[PDB]
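> Take this structure first; my questions come after.
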Amino acid sequence: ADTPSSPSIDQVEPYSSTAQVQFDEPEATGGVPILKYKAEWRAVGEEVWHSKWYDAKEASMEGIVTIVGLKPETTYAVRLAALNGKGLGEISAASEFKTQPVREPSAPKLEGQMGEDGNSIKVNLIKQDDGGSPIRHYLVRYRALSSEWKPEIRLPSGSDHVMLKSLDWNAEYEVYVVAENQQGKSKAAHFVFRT
Amino acid sequence: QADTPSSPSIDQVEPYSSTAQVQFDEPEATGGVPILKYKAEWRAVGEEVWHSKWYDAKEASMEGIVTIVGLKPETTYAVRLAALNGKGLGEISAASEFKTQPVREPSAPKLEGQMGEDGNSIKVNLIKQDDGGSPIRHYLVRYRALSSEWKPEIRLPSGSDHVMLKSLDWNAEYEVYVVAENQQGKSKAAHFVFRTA
């Protein structure tokens, strides 16, 4: 039983302040299952590594790990390692990538939560890459699948959620949320649920 | 003083086994009043009757695509779109040819959660997505509270269309991954996060 060999980076898909890393697991687990992945990254030139741990089962199902806290139009070096019952294995070779220039924000992530009533719902906003400049506000569109769209809801950048009230009981609804900054509007995140 | 819309234009078609994603641009001229719906029409090579389906405009606009369903695997089709507004249906787009993929693993399932009134439970309805051209035999469900270890995989019996998560931790965030599996294999995982009260 030994620590895993090094995983290898397939490709990196960077945005403005974050990057998506696709990788292949180590060819030798070492005897015991891979528990976590550790990513190290820093701007080319810097001498201090930034790091983040990622759950292995999650990385396998998602198919990637996302690095955050980067700056626009900047060249970065990233590397990975795997942790098993024995410890951290060999670090991979570093892969270099350049983040996108300042642009429209990425789609935000939506997380449902029980609202004030059964015919209600709290849609939490899991903030995503803002594109390099502060998001100015969130645009929200929603409707019951059976009827017409409700007027658009505008939320300030500070908002951590959006509340949809007075909904029909046990009916299906769909929600779209757009994050907009100075550069433009992001793609729409869509969320479907049943009250 | 308004007029029906001009014709939409199909950029490209990304097909699967029994469905296809149609990427298109909205009509250049709306005509004067907001486009309300899009009408998609498709006909398999050889067949003579055009199948059709209405799609909500706003919905389609936000995703950039309309999804045609009920197609046969390994089959060549022709598809076209038209827009409807206050004045009526506009010009039909040119027809676009595409061929569905052969039978394979299912595409990631669609997840529709129904928050539990008890504040610590949830019903995840499995909305029908492309099955790859072969019936889904089992839905595999992996879930955990972001603060904890994964719970054992829950394999649902063929036929089931939902999974119920109860007795959940309070004030906790949960991630759920659902895999559709048929004769040819497992789909990539569909997922979503939710929070207990």
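If you're wondering about the labels, chains in the structure tokens are A, B, ... by order shown, residues count from 1 in each chain, ligands from 1 in order shown.
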Restrict the distance test to only C-alpha atoms, flag each residue of chain A within 6 Å of chain B, and return the flagged residues as a list in words.
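Only these qualify: residues 61, 111, 112, 113, 114, 188, 192, 193, 194 and 195 of chain A.
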> Save out the residues we just selected, N, CA, C and O atoms, as a JSON list (two decimals), in the first residue's frame.

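Wrote selection.json, looks like this:
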[["chain", "number", "residue", "atom", "x", "y", "z"],
["A", 61, "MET", "N", -17.72, 12.54, -10.65],
["A", 61, "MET", "CA", -19.06, 12.73, -11.19],
["A", 61, "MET", "C", -19.19, 14.06, -11.93],
["A", 61, "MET", "O", -19.78, 14.11, -13.00],
["A", 111, "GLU", "N", -29.64, 27.19, -5.76],
["A", 111, "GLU", "CA", -29.84, 26.18, -4.73],
["A", 111, "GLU", "C", -31.19, 26.38, -4.04],
["A", 111, "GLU", "O", -31.38, 27.34, -3.31],
["A", 112, "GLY", "N", -32.11, 25.45, -4.28],
["A", 112, "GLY", "CA", -33.43, 25.54, -3.70],
["A", 112, "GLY", "C", -33.52, 25.28, -2.21],
["A", 112, "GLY", "O", -32.78, 24.47, -1.64],
["A", 113, "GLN", "N", -34.46, 25.97, -1.57],
["A", 113, "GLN", "CA", -34.69, 25.83, -0.15],
["A", 113, "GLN", "C", -36.15, 26.12, 0.13],
["A", 113, "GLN", "O", -36.77, 26.96, -0.54],
["A", 114, "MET", "N", -36.71, 25.40, 1.09],
["A", 114, "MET", "CA", -38.11, 25.58, 1.47],
["A", 114, "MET", "C", -38.31, 27.04, 1.82],
["A", 114, "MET", "O", -37.48, 27.64, 2.50],
["A", 188, "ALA", "N", -28.21, 32.25, -19.01],
["A", 188, "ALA", "CA", -29.20, 32.02, -17.96],
["A", 188, "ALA", "C", -29.05, 30.69, -17.24],
["A", 188, "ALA", "O", -28.87, 29.64, -17.86],
["A", 192, "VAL", "N", -35.73, 24.16, -12.21],
["A", 192, "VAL", "CA", -37.10, 23.67, -12.30],
["A", 192, "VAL", "C", -37.45, 22.95, -11.00],
["A", 192, "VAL", "O", -36.64, 22.17, -10.48],
["A", 193, "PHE", "N", -38.65, 23.21, -10.49],
["A", 193, "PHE", "CA", -39.10, 22.62, -9.23],
["A", 193, "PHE", "C", -40.61, 22.42, -9.17],
["A", 193, "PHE", "O", -41.34, 22.87, -10.04],
["A", 194, "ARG", "N", -41.06, 21.74, -8.12],
["A", 194, "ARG", "CA", -42.48, 21.49, -7.90],
["A", 194, "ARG", "C", -42.83, 22.02, -6.51],
["A", 194, "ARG", "O", -42.24, 21.60, -5.51],
["A", 195, "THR", "N", -43.79, 22.94, -6.44],
["A", 195, "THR", "CA", -44.21, 23.52, -5.17],
["A", 195, "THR", "C", -44.90, 22.49, -4.28],
["A", 195, "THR", "O", -44.93, 21.30, -4.67]]
> As a VMD selection string, please: every residue in range 11-143 of chain A that a backbone DSSP assignment puts in strand (DSSP E or B).
chain A and resid 11 to 14 19 to 24 34 to 43 50 to 55 65 to 67 75 to 84 87 to 88 95 to 98 109 to 114 121 to 126 135 to 143
> Which polymer residues have any atom within 8 Å of an atom of range 144-148 of chain A, counting only C-alpha atoms, with same-chain residues fewer than 3 positions away left out, as a PyMOL selection string?
chain A and resi 168+171-174
> If you keep N, CA, C and O atoms, can you produce a file of those selected residues as a tab-separated table (two decimals), in the first residue's frame?

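Full text of part-v2.tsv as output:
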chain	number	residue	atom	x	y	z
A	168	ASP	N	-48.63	28.42	-7.01
A	168	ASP	CA	-49.73	27.46	-7.03
A	168	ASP	C	-49.26	26.24	-6.25
A	168	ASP	O	-48.07	25.96	-6.20
A	171	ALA	N	-47.68	22.43	-8.06
A	171	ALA	CA	-47.57	22.66	-9.49
A	171	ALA	C	-46.09	22.80	-9.87
A	171	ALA	O	-45.26	23.12	-9.03
A	172	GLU	N	-45.78	22.57	-11.14
A	172	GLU	CA	-44.40	22.68	-11.61
A	172	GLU	C	-44.09	24.12	-12.03
A	172	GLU	O	-44.94	24.80	-12.61
A	173	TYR	N	-42.88	24.57	-11.72
A	173	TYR	CA	-42.43	25.91	-12.05
A	173	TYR	C	-41.04	25.85	-12.66
A	173	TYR	O	-40.32	24.86	-12.49
A	174	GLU	N	-40.67	26.90	-13.37
A	174	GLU	CA	-39.34	26.97	-13.95
A	174	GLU	C	-38.82	28.37	-13.65
A	174	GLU	O	-39.59	29.34	-13.66
> Determine, counting only C-alpha atoms, which protein, DNA and RNA residues have an atom within 10 Å of an atom of residue 102 in chain B; residues of the same chain fewer than 6 positions away are not included. Present the result as a list in words.
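The residues that qualify are residues 16, 17, 18, 72, 73, 74, 75, 132 and 133 of chain B.
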> Show me, as a tab-separated table (two decimals) with N, CA, C and O atoms, in the first residue's frame, the residues that have an atom within 12 Å of residue 108 in chain A when counting only C-alpha atoms, minus same-chain residues fewer than 2 positions from it.

chain	number	residue	atom	x	y	z
A	104	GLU	N	-18.52	39.40	-19.49
A	104	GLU	CA	-19.78	39.16	-18.80
A	104	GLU	C	-19.59	38.04	-17.77
A	104	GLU	O	-18.77	37.15	-17.94
A	105	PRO	N	-20.36	38.08	-16.68
A	105	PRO	CA	-20.22	37.04	-15.66
A	105	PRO	C	-20.67	35.67	-16.14
A	105	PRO	O	-21.35	35.55	-17.16
A	106	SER	N	-20.27	34.64	-15.41
A	106	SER	CA	-20.68	33.28	-15.74
A	106	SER	C	-22.08	33.14	-15.18
A	106	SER	O	-22.54	34.01	-14.44
A	110	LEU	N	-27.83	27.88	-8.73
A	110	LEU	CA	-29.04	28.04	-7.94
A	110	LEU	C	-29.25	26.87	-6.99
A	110	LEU	O	-29.04	25.72	-7.34
A	111	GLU	N	-29.64	27.19	-5.76
A	111	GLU	CA	-29.84	26.18	-4.73
A	111	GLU	C	-31.19	26.38	-4.04
A	111	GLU	O	-31.38	27.34	-3.31
A	123	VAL	N	-34.74	30.66	-3.50
A	123	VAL	CA	-33.70	30.27	-4.44
A	123	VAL	C	-32.40	30.96	-4.06
A	123	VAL	O	-32.22	32.15	-4.33
A	124	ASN	N	-31.50	30.22	-3.42
A	124	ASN	CA	-30.21	30.78	-2.99
A	124	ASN	C	-29.27	30.90	-4.17
A	124	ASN	O	-29.26	30.05	-5.06
A	125	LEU	N	-28.47	31.96	-4.17
A	125	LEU	CA	-27.52	32.20	-5.25
A	125	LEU	C	-26.09	31.81	-4.89
A	125	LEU	O	-25.45	32.47	-4.08
A	126	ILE	N	-25.59	30.73	-5.49
A	126	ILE	CA	-24.22	30.31	-5.24
A	126	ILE	C	-23.38	31.10	-6.25
A	126	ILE	O	-23.24	30.70	-7.40
A	127	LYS	N	-22.87	32.24	-5.80
A	127	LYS	CA	-22.09	33.14	-6.65
A	127	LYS	C	-21.01	32.44	-7.47
A	127	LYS	O	-20.23	31.63	-6.96
A	128	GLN	N	-20.97	32.77	-8.75
A	128	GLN	CA	-20.00	32.20	-9.67
A	128	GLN	C	-19.15	33.33	-10.25
A	128	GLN	O	-19.37	34.50	-9.93
A	129	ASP	N	-18.18	32.96	-11.09
A	129	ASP	CA	-17.28	33.92	-11.72
A	129	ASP	C	-18.04	35.15	-12.22
A	129	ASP	O	-18.98	35.04	-13.01
A	130	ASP	N	-17.64	36.33	-11.76
A	130	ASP	CA	-18.30	37.58	-12.14
A	130	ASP	C	-17.77	38.19	-13.45
A	130	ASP	O	-18.24	39.24	-13.89
A	131	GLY	N	-16.78	37.54	-14.06
A	131	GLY	CA	-16.23	38.03	-15.31
A	131	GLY	C	-15.14	39.09	-15.21
A	131	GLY	O	-14.69	39.61	-16.23
A	135	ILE	N	-20.75	42.31	-10.33
A	135	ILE	CA	-22.05	42.07	-10.91
A	135	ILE	C	-22.89	43.25	-10.44
A	135	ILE	O	-22.78	43.66	-9.29
A	137	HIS	N	-26.38	43.39	-10.87
A	137	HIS	CA	-27.68	42.90	-10.43
A	137	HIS	C	-28.06	41.58	-11.08
A	137	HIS	O	-27.46	41.17	-12.08
A	138	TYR	N	-29.06	40.93	-10.51
A	138	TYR	CA	-29.56	39.66	-11.00
A	138	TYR	C	-30.95	39.85	-11.59
A	138	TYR	O	-31.79	40.54	-11.01
A	139	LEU	N	-31.18	39.25	-12.75
A	139	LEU	CA	-32.46	39.33	-13.45
A	139	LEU	C	-33.15	37.98	-13.26
A	139	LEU	O	-32.56	36.94	-13.54
A	140	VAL	N	-34.39	38.01	-12.78
A	140	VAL	CA	-35.11	36.77	-12.52
A	140	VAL	C	-36.44	36.68	-13.26
A	140	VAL	O	-37.27	37.57	-13.19
A	157	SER	N	-26.84	43.31	-6.54
A	157	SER	CA	-25.69	42.41	-6.45
A	157	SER	C	-25.49	41.79	-5.07
A	157	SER	O	-25.04	40.65	-4.95
A	160	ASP	N	-28.31	37.41	-1.67
A	160	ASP	CA	-27.79	36.05	-1.59
A	160	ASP	C	-28.90	35.07	-1.97
A	160	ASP	O	-28.67	33.86	-2.02
A	161	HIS	N	-30.09	35.60	-2.25
A	161	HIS	CA	-31.21	34.75	-2.63
A	161	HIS	C	-32.35	35.55	-3.26
A	161	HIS	O	-32.31	36.78	-3.30
A	176	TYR	N	-35.40	31.23	-14.24
A	176	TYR	CA	-34.19	31.61	-14.97
A	176	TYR	C	-33.56	32.81	-14.27
A	176	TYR	O	-34.26	33.77	-13.91
A	177	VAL	N	-32.26	32.76	-14.06
A	177	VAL	CA	-31.56	33.84	-13.39
A	177	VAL	C	-30.32	34.26	-14.16
A	177	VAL	O	-29.44	33.44	-14.45
A	178	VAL	N	-30.25	35.55	-14.47
A	178	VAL	CA	-29.14	36.12	-15.20
A	178	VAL	C	-28.33	37.08	-14.34
A	178	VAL	O	-28.89	37.93	-13.64
A	179	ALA	N	-27.01	36.95	-14.38
A	179	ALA	CA	-26.13	37.84	-13.64
A	179	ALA	C	-25.59	38.81	-14.69
A	179	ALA	O	-25.09	38.38	-15.73
A	180	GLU	N	-25.72	40.10	-14.42
A	180	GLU	CA	-25.26	41.13	-15.35
A	180	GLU	C	-24.28	42.11	-14.72
A	180	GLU	O	-24.51	42.61	-13.62
A	185	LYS	N	-24.62	40.60	-20.13
A	185	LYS	CA	-25.40	39.63	-19.37
A	185	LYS	C	-24.87	38.22	-19.57
A	185	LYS	O	-24.50	37.83	-20.67
A	186	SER	N	-24.83	37.45	-18.48
A	186	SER	CA	-24.35	36.08	-18.52
A	186	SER	C	-25.42	35.20	-19.14
A	186	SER	O	-26.53	35.67	-19.42
A	187	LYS	N	-25.09	33.93	-19.35
A	187	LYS	CA	-26.07	32.99	-19.87
A	187	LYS	C	-27.03	32.76	-18.71
A	187	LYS	O	-26.70	33.02	-17.55
A	188	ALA	N	-28.21	32.25	-19.01
A	188	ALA	CA	-29.20	32.02	-17.96
A	188	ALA	C	-29.05	30.69	-17.24
A	188	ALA	O	-28.87	29.64	-17.86
A	189	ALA	N	-29.11	30.76	-15.92
A	189	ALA	CA	-29.07	29.55	-15.13
A	189	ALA	C	-30.55	29.18	-15.04
A	189	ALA	O	-31.40	30.05	-14.83
A	190	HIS	N	-30.88	27.91	-15.24
A	190	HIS	CA	-32.28	27.52	-15.15
A	190	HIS	C	-32.49	26.52	-14.04
A	190	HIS	O	-31.67	25.65	-13.78
A	191	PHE	N	-33.63	26.67	-13.38
A	191	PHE	CA	-33.99	25.87	-12.22
A	191	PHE	C	-35.46	25.46	-12.35
A	191	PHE	O	-36.32	26.30	-12.59
> If you measure from CA of residue 79 in chain A to CA of residue 6 in chain A, what distance in Å do you get, rounded to one decimal?
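Value for the CA of residue 79 in chain A-CA of residue 6 in chain A distance: 9.7 Å.
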> In terms of the shortest atom-to-atom distance over only C-alpha atoms, which of A:23, A:62, A:56, A:136 is closest to residue 108 in chain B?
A:62
> Between A:44, A:77, A:68, A:93, which one has atoms that come closest to residue 15 in chain A, using only C-alpha atoms?
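Once distances to residue 15 in chain A are computed over only C-alpha atoms, the minimum belongs to A:68.
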> Measuring between only C-alpha atoms, which one of B:127, B:176, B:95, B:68 shows the shortest distance to residue 57 in chain A?
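Selected residue with least distance to residue 57 in chain A: B:176.
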> CA of residue 129 in chain B and CA of residue 97 in chain B, how far apart in Å?
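CA of residue 129 in chain B lies at a distance of 22.4 Å from CA of residue 97 in chain B.
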> Report as a PDB file with N, CA, C and O atoms, in the first residue's frame all protein, DNA and RNA residues lying within 8 Å of residue 141 in chain A, evaluated on only C-alpha atoms, omitting residues in the same chain fewer than 5 positions from it.

ATOM      1  N   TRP A 149     -45.510  33.974 -18.161  1.00  0.00           N
ATOM      2  CA  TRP A 149     -44.384  34.451 -17.369  1.00  0.00           C
ATOM      3  C   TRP A 149     -44.804  35.599 -16.469  1.00  0.00           C
ATOM      4  O   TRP A 149     -45.672  36.395 -16.830  1.00  0.00           O
ATOM      5  N   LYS A 150     -44.189  35.673 -15.294  1.00  0.00           N
ATOM      6  CA  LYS A 150     -44.458  36.755 -14.352  1.00  0.00           C
ATOM      7  C   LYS A 150     -43.496  37.880 -14.725  1.00  0.00           C
ATOM      8  O   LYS A 150     -42.508  37.648 -15.432  1.00  0.00           O
ATOM      9  N   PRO A 151     -43.767  39.112 -14.268  1.00  0.00           N
ATOM     10  CA  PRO A 151     -42.854  40.203 -14.615  1.00  0.00           C
ATOM     11  C   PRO A 151     -41.452  39.902 -14.097  1.00  0.00           C
ATOM     12  O   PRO A 151     -41.288  39.163 -13.126  1.00  0.00           O
ATOM     13  N   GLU A 152     -40.448  40.470 -14.757  1.00  0.00           N
ATOM     14  CA  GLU A 152     -39.062  40.271 -14.367  1.00  0.00           C
ATOM     15  C   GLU A 152     -38.761  40.861 -12.993  1.00  0.00           C
ATOM     16  O   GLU A 152     -39.245  41.944 -12.654  1.00  0.00           O
ATOM     17  N   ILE A 153     -37.961  40.141 -12.211  1.00  0.00           N
ATOM     18  CA  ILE A 153     -37.548  40.583 -10.879  1.00  0.00           C
ATOM     19  C   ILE A 153     -36.071  40.980 -10.933  1.00  0.00           C
ATOM     20  O   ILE A 153     -35.224  40.193 -11.371  1.00  0.00           O
ATOM     21  N   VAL A 175     -37.529  28.476 -13.361  1.00  0.00           N
ATOM     22  CA  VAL A 175     -36.913  29.758 -13.039  1.00  0.00           C
ATOM     23  C   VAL A 175     -35.616  29.988 -13.810  1.00  0.00           C
ATOM     24  O   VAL A 175     -34.826  29.060 -14.000  1.00  0.00           O
ATOM     25  N   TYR A 176     -35.400  31.230 -14.243  1.00  0.00           N
ATOM     26  CA  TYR A 176     -34.186  31.610 -14.968  1.00  0.00           C
ATOM     27  C   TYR A 176     -33.564  32.813 -14.266  1.00  0.00           C
ATOM     28  O   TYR A 176     -34.258  33.768 -13.907  1.00  0.00           O
ATOM     29  N   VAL A 177     -32.256  32.759 -14.062  1.00  0.00           N
ATOM     30  CA  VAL A 177     -31.559  33.840 -13.391  1.00  0.00           C
ATOM     31  C   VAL A 177     -30.320  34.259 -14.160  1.00  0.00           C
ATOM     32  O   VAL A 177     -29.443  33.444 -14.452  1.00  0.00           O
TER      33      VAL A 177
END
> Within 9 Å of residue 32 in chain A, counting only C-alpha atoms, which residues qualify if same-chain residues fewer than 6 places away don't, as a VMD selection string?
chain A and resid 1 to 4 84 to 86
> Using DSSP on the backbone coordinates, identify the residues of chain A assigned to alpha helix (DSSP H); present them as a list in words.
residues 56, 57, 58, 59, 60, 61 and 62 of chain A
> With N, CA and C atoms kept, could you save the residues just selected as a CSV table (one decimal), in the first residue's frame?

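Saved the output as part29.csv:
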chain,number,residue,atom,x,y,z
A,56,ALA,N,-12.9,13.6,-4.1
A,56,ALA,CA,-12.7,12.7,-5.2
A,56,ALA,C,-13.9,12.2,-5.9
A,57,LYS,N,-14.9,11.7,-5.1
A,57,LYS,CA,-16.1,11.2,-5.7
A,57,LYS,C,-16.8,12.3,-6.5
A,58,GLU,N,-16.8,13.5,-5.9
A,58,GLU,CA,-17.4,14.7,-6.5
A,58,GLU,C,-16.7,15.0,-7.8
A,59,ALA,N,-15.4,15.0,-7.8
A,59,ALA,CA,-14.6,15.4,-9.0
A,59,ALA,C,-14.9,14.4,-10.2
A,60,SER,N,-15.1,13.1,-9.8
A,60,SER,CA,-15.3,12.1,-10.8
A,60,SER,C,-16.7,12.3,-11.5
A,61,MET,N,-17.7,12.5,-10.6
A,61,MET,CA,-19.1,12.7,-11.2
A,61,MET,C,-19.2,14.1,-11.9
A,62,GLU,N,-18.6,15.1,-11.4
A,62,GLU,CA,-18.7,16.4,-12.0
A,62,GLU,C,-17.8,16.4,-13.3
> What is the distance, in Å and to one decimal place, between CA of residue 32 in chain B and CA of residue 54 in chain B?
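If I compute the distance from CA of residue 32 in chain B to CA of residue 54 in chain B, I get 20.9 Å.
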> So, counting only C-alpha atoms, which residue among A:75, A:65, A:40, A:143 is closest to residue 24 in chain A?
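Nearest candidate to residue 24 in chain A out of A:75, A:65, A:40, A:143: A:65.
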